[PDB]
Amino acid sequence: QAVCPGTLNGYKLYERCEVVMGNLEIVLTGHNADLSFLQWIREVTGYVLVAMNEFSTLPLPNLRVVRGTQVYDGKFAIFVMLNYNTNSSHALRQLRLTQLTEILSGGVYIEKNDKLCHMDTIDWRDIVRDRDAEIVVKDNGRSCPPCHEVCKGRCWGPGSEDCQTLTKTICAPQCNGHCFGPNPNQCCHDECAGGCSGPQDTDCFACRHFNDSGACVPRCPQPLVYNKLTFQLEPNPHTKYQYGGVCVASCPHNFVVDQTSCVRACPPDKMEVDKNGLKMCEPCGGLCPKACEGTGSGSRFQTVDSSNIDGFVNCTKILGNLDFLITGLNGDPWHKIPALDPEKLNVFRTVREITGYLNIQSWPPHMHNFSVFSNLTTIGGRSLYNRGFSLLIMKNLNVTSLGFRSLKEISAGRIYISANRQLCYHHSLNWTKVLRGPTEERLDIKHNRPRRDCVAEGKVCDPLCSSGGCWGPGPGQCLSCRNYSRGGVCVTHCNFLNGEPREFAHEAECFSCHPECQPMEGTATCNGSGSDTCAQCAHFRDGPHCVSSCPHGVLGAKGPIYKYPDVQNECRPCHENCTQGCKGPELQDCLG
Amino acid sequence: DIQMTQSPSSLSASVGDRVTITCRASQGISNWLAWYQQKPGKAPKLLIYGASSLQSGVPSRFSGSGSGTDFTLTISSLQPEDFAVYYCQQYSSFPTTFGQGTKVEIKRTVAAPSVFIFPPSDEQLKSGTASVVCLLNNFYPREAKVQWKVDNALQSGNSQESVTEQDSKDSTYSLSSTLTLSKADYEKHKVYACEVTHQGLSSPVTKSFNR
Amino acid sequence: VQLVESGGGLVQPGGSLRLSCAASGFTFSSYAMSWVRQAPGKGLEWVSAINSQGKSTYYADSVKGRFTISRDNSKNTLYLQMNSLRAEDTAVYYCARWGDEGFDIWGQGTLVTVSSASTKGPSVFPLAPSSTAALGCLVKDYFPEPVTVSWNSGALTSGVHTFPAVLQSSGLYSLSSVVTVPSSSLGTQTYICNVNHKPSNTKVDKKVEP
Ligand SMILES: *[C@@H]1O[C@H](CO)[C@@H](O[C@@H]2O[C@H](CO)[C@@H](O)[C@H](O)[C@H]2NC(C)=O)[C@H](O)[C@H]1NC(C)=O
Ligand SMILES: *[C@@H]1O[C@H](CO)[C@@H](O[C@@H]2O[C@H](CO)[C@@H](O)[C@H](O)[C@H]2NC(C)=O)[C@H](O)[C@H]1NC(C)=O
Ligand SMILES: *[C@@H]1O[C@H](CO)[C@@H](O)[C@H](O)[C@H]1NC(C)=O
Ligand SMILES: *[C@@H]1O[C@H](CO)[C@@H](O)[C@H](O)[C@H]1NC(C)=O
Ligand SMILES: *[C@@H]1O[C@H](CO)[C@@H](O)[C@H](O)[C@H]1NC(C)=O
């Protein structure tokens with residue numbers, strides 16, 4: 001955990017930091033204050049504020065850079081003032097800033113520290129990169145020892161080991177003020193924010209963009225890389241994540257990887273998932289798993305009312321029960337709750353699992369089916385209503401069809417379907433296949449519309465429907481498909497050797513062939529959902545895959561990959577010397 | 001698919017000689033060729049990727065060259081160690097395809113064999129079988145004739161030869177011809193002999209034993 | 001950085017075999033892997049590849065519909081589930097890693113042998129010296145291949161020659177592993193040949209000379 005944030009406003013609270021993501025502010029600290037944690041601090045993005053402190057020495061021996069992105073009094077990167085006690089002999093007398101090579105922006109202020117010394121000996125211009133910044137270092141300690149012979153009149157403390165080393169030099173107008181020497185060849189690396197040791201990307205005192213383990217780099221190692229054998233982008237085995245301004249192989253203590261950077265929490269669009277020890281943020285591809293409390297016993301809320309309903313948006317699984325009572329539907333005026341808007345019931349079109357029960361005794365008159373509970377597949381029944389019921393549908397005068405289009409299971413409980421005098425299709429339903437264990441006696445179906453009256457008007461299941469029955473009218477409202485299934489809709493055949501969107505089958509379910517396959521006639525277009533399972537490529541073929549275009553500039557482990565299409569539209573590779581891409585296979589065919 | 005055709009199939013050269021191996025690909029492949037080395041009974045070792053790009057810690061004598069169809073693998077100064085079968089690999093096309101290999105072996109000085117005869121194990125004879133082994137340790141070239149004489153009678157149609165691959169160090173060969181019999185026929189005779197005729201022998205050597 | 005194949009033995013034709021490649025010394029999870037087979041004593045043949053994640057698998061045409069490539073990134077192992085095994089599938093099966101470019105690291109290879117014949121352990125017989133001297137071990141009548149013969153538990157290597165085995169008149173293999181020593185060292189050194197036929201779980205240490 002190298003990088004930690006720094007205070008904004010200027011007992012003792014400490015951070016064992018390396019890189020300070022903000023300002024280092026040491027204000028009102030005791031004479032007997034142990035500052036061993038400061039010994040690892042090398043970089044300060046903001047400023048250093050050392051005001052009114054009784055400790056005899058400030059030890060920051062690793063501090064090499066103060067970025068000065070944030071500045072104290074809008075003028076300084078280093079502000080050292082009043083670090084002395086008026087009556088007590090205890091006062092700041094030495095600044096251990098030996099390794100302070102530079103201040104990227106901002107100025108320097110070192111005043112009113114009655115016993116602080118050796119500051120007048122230091123060449124601040126060899127530190128302060130900012131040409132137009134101010135340097136105020138007066139009114140400090142007096143009668144102090146001269147800089148030890150080995151420190152040529154420049155030192156941070158009296159000791160032979162603590163002297164100020166000069167790093168700044170005159171830069172040639174080919175360096176842009178970044179050089180390790182005066183010669184035009186002695187220019188700095190593009191990624192140094194400041195000065196040099198030498199020309200290499202490692203020799204920087206501060207990185208302009210990122211620090212990938214010693215070397216200042218613009219980009220943190222890319223997460224995907226084109227694989228020549230696999231003919232596609234693959235996770236790069238050299239990947240590092242952006243934890244602050246540092247490139248990190250692993251994400252720190254409870255930090256989830258997202259996109260390419262180390263993050264504190266997962267975005268709404270993604271979900272936390274472990275894979276190979278690292279916790280990454282995988283995209284959901286639509287809706288992410290959400291858990292809502294619910295109604296019934298144990299819960300605060302009694303019925304799905306106009307106020308509580310909004311707290312079920314994007315909810316895929318309810319950790320409780322659902323109660324649709326007249327009190328919530330028509331609204332309770334005793335505790336000033338308004339009537340429920342029917343268009344607001346469309347928040348359950350996302351619900352897939354109910355841990356407990358689903359009680360529906362009230363429903364809008366223009367809503368003739370439970371079409372909102374379409375995505376509902378399984379009902380747990382951990383908590384049960386009345387005598388031990390999981391599914392309760394009674395006294396619903398204007399319900400024509402059940403509408404539970406994709407329900408496959410009800411783990412535990414009892415069925416209750418009564419007084420829905422307008423309800424049909426439920427007769428044909430094979431409850432033995434839906435409810436686990438014995439359905440003997442624990443099935444309640446009475447006082448609804450009888451089959452005789454359903455058949456007479458034409459209220460019967462589709463011919464494409466199986467022996468198991470149906471949820472309502474049409475091919476879509478089926479429990480099981482006789483032949484094939486489309487998007488839940490029972491179909492005769494998939495579009496195998498004919499049709500606009502071409503398909504393939506898997507467990508009697510039709511799935512469309514990848515957009516890149518060529519529509520084949522008299523034979524299958526694909527034998528899988530893959531861009532590689534095609535019979536023919538409608539555009540180009542990059543190895544096993546049918547592609548929209550040939551790889552051109554896709555980064556590989558060994559550099560950018562450029563390929564051109566064949567006469568047979570196949571992605572053949574460009575010549576090694578084509579740095580921009582190519583028309584054909586020769587060197588004469590290089591692009592530029 | 002892309003066919004990889006290596007040339008030659010077998011190659012003989014002295015230690016120090018500049019050995020060259022070619023590789024032509026049926027279709028265009030740019031510089032997407034890998035070169036492998038496969039010493040007897042071992043997994044292939046990646047020498048060159050790219051087409052000229054050298055793998056880490058592979059001796060500097062190994063070099064690659066080419067683009068598109070015709071390729072070259074070159075060994076600056078052939079070494080005894082360098083004995084192996086070399087392979088091609090195109091990775092620009094699906095499936096990835098290899099060459100048939102180029103068996104590179106050392107052309108060295110003439111070395112006469114060390115002939116050895118081994119009369120059947122008493123434990124073998126206990127099992128009711130007799131095998132007489134003839135050993136020809138460290139010789140060059142690999143071409144050697146071995147005749148079996150049992151009571152001066154030429155025994156043809158009961159023996160099996162087997163030769164080791166070239167030596168990693170001394171670039172020699174070793175042959176193992178074995179005359180096998182039932183304990184029966186074996187006891188029914190006394191003088192068993194090896195008639196080794198090699199290029200490095202002026203006279204044909206005979207290593208015999210008696211029961 | 002190493003790979004270790006396992007499971008390659010002997011199957012009857014039409015049989016089944018799950019090969020296993022144990023990856024160590026690297027982040028197996030991050031590299032696309034492949035199986036490459038080598039029928040005796042012929043060239044190299046890419047047999048199947050797998051995606052780093054494992055989402056995408058590719059099979060060579062000869063093997064499609066029969067072999068199934070997989071990997072368990074937790075167990076740091078890779079698998080080749082070969083089914084409806086044809087005689088033409090007898091090969092040494094190398095499991096190799098696709099590096100940044102090329103198959104950089106390869107395992108030792110496991111030998112699968114599709115045959116209707118049953119397993120028979122070798123008989124180990126001493127080939128004794130003399131008239132430098134030479135001694136050996138006759139590793140007679142065994143099936144399938146391979147056998148590994150070491151000397152003095154590995155302490156002896158120089159001048160050793162384990163010969164390529166020969167299929168005999170019978171359906172069985174046999175080899176001789178000989179070692180050439182300085183003539184003097186006969187009433188001096190102890191020579192033990194250690195033979196191992198894994199298919200028959202035969203582990204024979206035979207003393208030659210004393
Ligand atoms: C880039 O990162 C490294 C690691 O934080 C910095 O180097 C460390 O700092 C000091 C002085 O160089 C040494 O005591 C440590 O050994 C170094 N650690 C490592 C892991 O290298 C380096 O200063 C950073 N900054 C720049 C601009 O290069
Ligand atoms: C609940 O539902 C949707 C999920 O799509 C969220 O609404 C989206 O909000 C984002 C920004 O937050 C917008 O870019 C989209 O236009 C909105 N989507 C739609 C379909 O309107 C909503 O934020 C989710 N989360 C919560 C807690 O309400
Ligand atoms: C479901 O009810 C709505 C109106 O409530 C109606 O438009 C639709 O046709 C119904 N579908 C059925 C009965 O399958
Ligand atoms: C789930 O609901 C969403 C929105 O109504 C829909 O896109 C999706 O197809 C439904 N899925 C199933 C399996 O019902
Ligand atoms: C259903 O409500 C409708 C209006 O949607 C009404 O016309 C009808 O009378 C009610 N159902 C009955 C009484 O069966």
# chains A, B, ... in the order shown; residues from 1 in each chain; ligands from 1

call {"tool": "interface_residues", "arguments": {"of": "chain B", "to": "chain C", "cutoff": "9 Å", "atoms": "only C-alpha atoms", "output": "JSON, numbers by chain"}}
result
{"B": [32, 33, 34, 35, 41, 42, 43, 44, 45, 46, 47, 48, 49, 50, 55, 87, 89, 91, 94, 95, 96, 97, 98, 99, 100, 101, 114, 116, 117, 118, 119, 120, 121, 122, 123, 124, 131, 133, 135, 137, 160, 161, 162, 163, 164, 165, 174, 175, 176, 207, 208, 209]}

call {"tool": "residues_near_ligand", "arguments": {"ligand": "ligand 2", "cutoff": "10 Å", "atoms": "only C-alpha atoms and all ligand atoms", "output": "ChimeraX atom specification"}}
result
/A:268-269,286-288,290,310-315,347

call {"tool": "write_last_selection", "arguments": {"atoms": "C-alpha atoms", "output": "PDB file, in the first residue's frame"}}
result
ATOM      1  CA  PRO A 268     -23.166  -0.119 -11.469  1.00  0.00           C
ATOM      2  CA  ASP A 269     -22.569  -1.513 -15.026  1.00  0.00           C
ATOM      3  CA  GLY A 286     -27.563  -5.479 -19.077  1.00  0.00           C
ATOM      4  CA  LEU A 287     -28.940  -6.009 -15.560  1.00  0.00           C
ATOM      5  CA  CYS A 288     -26.705  -6.676 -12.550  1.00  0.00           C
ATOM      6  CA  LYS A 290     -29.757  -6.724  -7.035  1.00  0.00           C
ATOM      7  CA  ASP A 310     -40.015   2.417  -6.308  1.00  0.00           C
ATOM      8  CA  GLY A 311     -37.549   0.514  -4.042  1.00  0.00           C
ATOM      9  CA  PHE A 312     -37.701  -2.567  -6.335  1.00  0.00           C
ATOM     10  CA  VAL A 313     -36.291  -0.962  -9.525  1.00  0.00           C
ATOM     11  CA  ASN A 314     -33.631  -3.141 -11.300  1.00  0.00           C
ATOM     12  CA  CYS A 315     -34.260  -5.834  -8.575  1.00  0.00           C
ATOM     13  CA  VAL A 347     -40.797  -2.705 -12.107  1.00  0.00           C
TER      14      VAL A 347
END

call {"tool": "residues_near_ligand", "arguments": {"ligand": "ligand 4", "cutoff": "6 Å", "atoms": "only C-alpha atoms and all ligand atoms", "output": "ChimeraX atom specification"}}
result
/A:349-350,375

call {"tool": "residues_near_ligand", "arguments": {"ligand": "ligand 5", "cutoff": "9 Å", "atoms": "only C-alpha atoms and all ligand atoms", "output": "VMD selection string"}}
result
chain A and resid 364 to 368 397 to 399 421 to 422

call {"tool": "interface_residues", "arguments": {"of": "chain A", "to": "chain C", "cutoff": "9 Å", "atoms": "only C-alpha atoms", "output": "JSON, numbers by chain"}}
result
{"A": [227, 228, 229, 230, 234, 235, 236, 237, 238, 276, 544, 556, 557, 558]}

call {"tool": "interface_residues", "arguments": {"of": "chain B", "to": "chain A", "cutoff": "8 Å", "atoms": "only C-alpha atoms", "output": "PDB file with N, CA and C atoms, in the first residue's frame"}}
result
ATOM      1  N   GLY B  28       1.607 -17.368 -48.651  1.00  0.00           N
ATOM      2  CA  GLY B  28       2.275 -16.247 -48.002  1.00  0.00           C
ATOM      3  C   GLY B  28       2.187 -16.330 -46.494  1.00  0.00           C
ATOM      4  N   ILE B  29       3.304 -16.039 -45.800  1.00  0.00           N
ATOM      5  CA  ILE B  29       3.323 -16.157 -44.351  1.00  0.00           C
ATOM      6  C   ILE B  29       4.106 -15.044 -43.632  1.00  0.00           C
ATOM      7  N   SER B  30       4.670 -14.087 -44.411  1.00  0.00           N
ATOM      8  CA  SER B  30       5.474 -12.948 -43.926  1.00  0.00           C
ATOM      9  C   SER B  30       6.686 -13.443 -43.153  1.00  0.00           C
ATOM     10  N   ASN B  31       6.881 -12.948 -41.953  1.00  0.00           N
ATOM     11  CA  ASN B  31       7.960 -13.368 -41.082  1.00  0.00           C
ATOM     12  C   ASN B  31       7.295 -14.000 -39.862  1.00  0.00           C
ATOM     13  N   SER B  67      11.225 -13.951 -45.517  1.00  0.00           N
ATOM     14  CA  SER B  67       9.881 -13.396 -45.494  1.00  0.00           C
ATOM     15  C   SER B  67       9.018 -13.941 -46.633  1.00  0.00           C
ATOM     16  N   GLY B  68       7.773 -14.264 -46.282  1.00  0.00           N
ATOM     17  CA  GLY B  68       6.721 -14.703 -47.188  1.00  0.00           C
ATOM     18  C   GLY B  68       6.600 -16.170 -47.526  1.00  0.00           C
ATOM     19  N   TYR B  91       2.700 -19.529 -38.136  1.00  0.00           N
ATOM     20  CA  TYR B  91       1.649 -19.248 -37.176  1.00  0.00           C
ATOM     21  C   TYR B  91       0.697 -18.199 -37.706  1.00  0.00           C
ATOM     22  N   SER B  92       0.891 -17.788 -38.990  1.00  0.00           N
ATOM     23  CA  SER B  92       0.037 -16.830 -39.693  1.00  0.00           C
ATOM     24  C   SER B  92      -1.298 -17.434 -40.125  1.00  0.00           C
ATOM     25  N   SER B  93      -1.369 -18.772 -40.251  1.00  0.00           N
ATOM     26  CA  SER B  93      -2.573 -19.478 -40.689  1.00  0.00           C
ATOM     27  C   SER B  93      -3.087 -20.573 -39.715  1.00  0.00           C
ATOM     28  N   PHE B  94      -4.413 -20.852 -39.805  1.00  0.00           N
ATOM     29  CA  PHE B  94      -5.140 -21.835 -39.015  1.00  0.00           C
ATOM     30  C   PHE B  94      -5.482 -23.080 -39.847  1.00  0.00           C
ATOM     31  N   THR B  96      -2.095 -24.078 -37.232  1.00  0.00           N
ATOM     32  CA  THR B  96      -0.662 -23.799 -37.285  1.00  0.00           C
ATOM     33  C   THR B  96       0.011 -25.053 -37.868  1.00  0.00           C
TER      34      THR B  96
END

call {"tool": "residues_near_ligand", "arguments": {"ligand": "ligand 3", "cutoff": "8 Å", "atoms": "only C-alpha atoms and all ligand atoms", "output": "PyMOL selection string"}}
result
chain A and resi 366-371+400-401+403+472-474+477

call {"tool": "write_last_selection", "arguments": {"atoms": "N, CA and C atoms", "output": "CSV table (one decimal), in the first residue's frame"}}
result
chain,number,residue,atom,x,y,z
A,366,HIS,N,-57.6,-3.2,-15.9
A,366,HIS,CA,-57.2,-3.1,-17.3
A,366,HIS,C,-55.9,-4.0,-17.6
A,367,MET,N,-55.3,-4.5,-16.5
A,367,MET,CA,-54.2,-5.5,-16.5
A,367,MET,C,-54.9,-6.9,-16.3
A,368,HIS,N,-55.0,-7.6,-17.5
A,368,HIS,CA,-55.7,-8.9,-17.5
A,368,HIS,C,-54.9,-10.1,-17.4
A,369,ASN,N,-53.6,-9.9,-17.1
A,369,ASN,CA,-52.6,-11.0,-17.0
A,369,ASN,C,-51.4,-10.5,-16.1
A,370,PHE,N,-50.6,-11.5,-15.5
A,370,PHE,CA,-49.5,-11.1,-14.7
A,370,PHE,C,-48.2,-11.0,-15.5
A,371,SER,N,-48.4,-10.4,-16.7
A,371,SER,CA,-47.3,-10.1,-17.7
A,371,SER,C,-46.1,-9.4,-17.1
A,400,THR,N,-57.7,-12.7,-17.0
A,400,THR,CA,-58.0,-13.6,-18.1
A,400,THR,C,-57.0,-14.7,-18.2
A,401,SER,N,-55.7,-14.4,-18.1
A,401,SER,CA,-54.6,-15.4,-18.2
A,401,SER,C,-53.6,-15.2,-17.1
A,403,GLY,N,-50.2,-15.6,-17.3
A,403,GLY,CA,-49.1,-14.9,-17.8
A,403,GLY,C,-47.7,-15.1,-17.3
A,472,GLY,N,-51.2,-19.0,-21.0
A,472,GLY,CA,-52.2,-18.2,-21.6
A,472,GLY,C,-52.3,-18.4,-23.1
A,473,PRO,N,-52.8,-17.4,-23.9
A,473,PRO,CA,-52.9,-17.7,-25.3
A,473,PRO,C,-51.7,-17.3,-26.1
A,474,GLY,N,-51.6,-17.9,-27.3
A,474,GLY,CA,-50.5,-17.7,-28.3
A,474,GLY,C,-49.3,-18.7,-28.1
A,477,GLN,N,-46.8,-18.0,-24.7
A,477,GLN,CA,-47.3,-18.4,-23.4
A,477,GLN,C,-47.2,-19.9,-23.0

call {"tool": "decode", "arguments": {"residues": "segment 99-136 of chain C", "atoms": "C-alpha atoms", "output": "compact mmCIF listing (two decimals), in the first residue's frame"}}
result
# COMPACT_ATOMS: atom_id res chain seq x y z
CA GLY C 99 4.53 -17.60 -25.50
CA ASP C 100 4.55 -14.02 -26.80
CA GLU C 101 5.60 -15.66 -30.10
CA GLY C 102 6.06 -19.44 -30.55
CA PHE C 103 5.68 -22.46 -28.26
CA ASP C 104 8.33 -21.36 -25.71
CA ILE C 105 7.90 -24.01 -22.99
CA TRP C 106 6.98 -27.74 -23.62
CA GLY C 107 6.38 -30.73 -21.31
CA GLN C 108 8.18 -34.13 -21.57
CA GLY C 109 5.36 -35.77 -23.55
CA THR C 110 3.25 -38.81 -22.55
CA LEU C 111 3.03 -41.86 -24.90
CA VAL C 112 -0.49 -43.07 -25.79
CA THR C 113 -0.63 -46.55 -27.42
CA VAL C 114 -3.95 -47.55 -29.09
CA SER C 115 -3.86 -51.40 -29.24
CA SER C 116 -6.06 -54.43 -28.60
CA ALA C 117 -3.04 -56.22 -26.90
CA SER C 118 -2.68 -56.44 -23.15
CA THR C 119 0.19 -55.11 -20.89
CA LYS C 120 3.29 -57.26 -20.21
CA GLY C 121 6.13 -56.32 -17.90
CA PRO C 122 9.74 -56.73 -19.01
CA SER C 123 12.18 -59.40 -17.85
CA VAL C 124 15.61 -57.86 -16.88
CA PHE C 125 18.73 -59.94 -17.53
CA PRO C 126 22.37 -59.21 -16.87
CA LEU C 127 24.82 -58.79 -19.78
CA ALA C 128 28.11 -59.48 -17.96
CA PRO C 129 31.78 -58.72 -18.94
CA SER C 130 34.55 -59.66 -20.22
CA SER C 131 35.84 -61.55 -23.41
CA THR C 132 37.87 -51.05 -21.76
CA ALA C 133 35.11 -53.57 -20.84
CA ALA C 134 31.35 -53.44 -21.32
CA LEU C 135 28.30 -54.65 -19.45
CA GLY C 136 24.56 -54.31 -19.91
